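Take a look at this single chain in structure tokens; it is the form deposited in one PDB entry.
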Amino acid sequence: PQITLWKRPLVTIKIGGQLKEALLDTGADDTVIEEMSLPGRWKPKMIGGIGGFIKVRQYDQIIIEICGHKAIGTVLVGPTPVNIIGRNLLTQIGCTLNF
């Protein structure tokens, strides 16, 4: 699809057997999801931006379905105000910016 930017580019994703709404975010290096359970090992990480930093759990090799495109990669889990699909997964679905 082609998604314009008049409003936030929210899409439905499937992760850990749950459906969630997430923002396609070219400014985010990493994918960050609200508190949820994921399988496997994790390690702590700090991420930040305007407003400050939050602590998240880093899970690797997690599968996510984004608009019917399956991708695998690292997912950070923590108290983010919005679910964010970052570049590490956007690349995998072939997402580009065009103008």
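Between two forms, the rigid core is defined as the largest C-alpha subset superposing within 1.5 Å. Start at 1 and count along the sequence shown; that's the residue number.
Not pictured, yet referred to below: the form deposited in another entry.
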Self-check item: Large Cα move at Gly52 between the shown form and the other one, threshold 2 Å, rigid core
Solution: yes
Quiz item: Where do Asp60 and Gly52 end up in the other form, Cα atoms closer or farther than shown, with a change of 3 Å or more?
Solution: closer
Quiz item: Any idea whether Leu90 and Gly49 get closer or farther by CA distance in the other form, knowing it moves 3 angstroms or more?
Solution: farther
